[PDB]
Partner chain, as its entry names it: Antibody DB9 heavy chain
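Taking the form solved without the partner chain, here's one chain by itself in structure tokens.
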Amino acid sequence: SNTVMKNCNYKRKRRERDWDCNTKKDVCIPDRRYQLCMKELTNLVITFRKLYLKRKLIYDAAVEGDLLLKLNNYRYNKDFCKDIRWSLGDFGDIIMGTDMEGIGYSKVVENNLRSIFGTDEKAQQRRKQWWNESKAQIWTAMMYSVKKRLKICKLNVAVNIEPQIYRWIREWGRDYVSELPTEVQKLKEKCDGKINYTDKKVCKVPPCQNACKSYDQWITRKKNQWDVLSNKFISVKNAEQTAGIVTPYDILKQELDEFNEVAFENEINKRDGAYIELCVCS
């Protein structure tokens, strides 16, 4: 993250900024991660250094949680619980030193953590241990505003540890599923049917052609994102066991309600029936 204060004061709206696959070539970073509140973790200069870290983390987490609730228009629902889960997870990887963003102020935080837990070859074990001891309280802190200010989120699911790439694929899948129907709706509004007895509208109608171009650009980003994320999953998996999850697709099948692998690959490769009907002249 290249900012420190602002992202602890407000969040950009959902899918306002798409996943970023260009900053670091072998991963795509979600806007939520870029904006993760880490103000206190950044600006901080033994058993007590750990204690001070705990206080700072508790406070950054409570603010992050509050801002995620606000981002969701104060709705206490699944979208909120998932966001809490994703951000909690990212805090965990930051603490454990296995976060994949590593941009700007995230580097400062990592330096601070190395200053705290040290850098020897058993430091990583200590960081993981400290996280496992603290994670339940960090989750609880993220739920502060919901408890205190607001007028169904499950700890156990939230604090269960899995690699960041797994979690990011879950979050990505849920974004994709939300975006698809919207993008299709925009297409149908302009491209449904024919312009004459024989030719689809996309053959001649500029607004439809523009619409197909916009869809093309969107689906091309989705394809690129799946490509990058799914391959990061494989490389991470090869270099590291999770029961029930063998392929990146298994994550989507388990996270999403109605996933179908063949249909999904059809969609992101522009060979699904609906896209062809609407956007392919012949």
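Rigid core here is just the name for the largest C-alpha set that superposes within 1.5 Å across the two forms. Numbering follows the first chain given and starts at 1.
What comes next is about the form solved in complex with the partner chain, which does not appear here.
Trainee: Tell me, out of 184, 103, 159, 202, which residue has a non-hydrogen atom within 4.5 angstroms of the partner chain in the entry with it bound.
Mentor: Among 184, 103, 159, 202, a heavy atom within 4.5 Å of the partner chain in the entry with it bound occurs only for 184.
Trainee: My question is simply whether residue 16 lines the interface with the partner chain in the entry with it bound - judged by any non-hydrogen atom within 4.5 Å.
Mentor: Result no; residue 16 lies far from the partner chain in the entry with it bound.
Trainee: I'd like to know if residue 5 sits close to the partner chain in the entry with it bound, meaning any non-hydrogen atom pair within 4.5 angstroms.
Mentor: No, no contact at 4.5 Å.
Trainee: Any of the heavy atoms of residue 271 lying within 4.5 Å of the partner chain in the entry with it bound?
Mentor: Residue 271: contacts the partner chain in the entry with it bound.
Trainee: Considering non-hydrogen atoms and a 4.5 Å limit, does the partner chain approach residue 20 in the entry with it bound?
Mentor: Outside the cut-off, so no.
Trainee: Need the contact residues for 92-118: heavy atom within 4.5 Å of the partner chain in the entry with it bound, sequence order, or none if there are none.
Mentor: Going through 92-118 in order - heavy atoms within 4.5 Å of the partner chain in the entry with it bound - there are no hits.
Trainee: With the two forms aligned on their rigid core, point out which item of 136, 195, 123, 157 shifts its C-alpha by 2 Å or more between this form and the one not shown.
Mentor: So the residue whose C-alpha moves 2 Å or more is 195.
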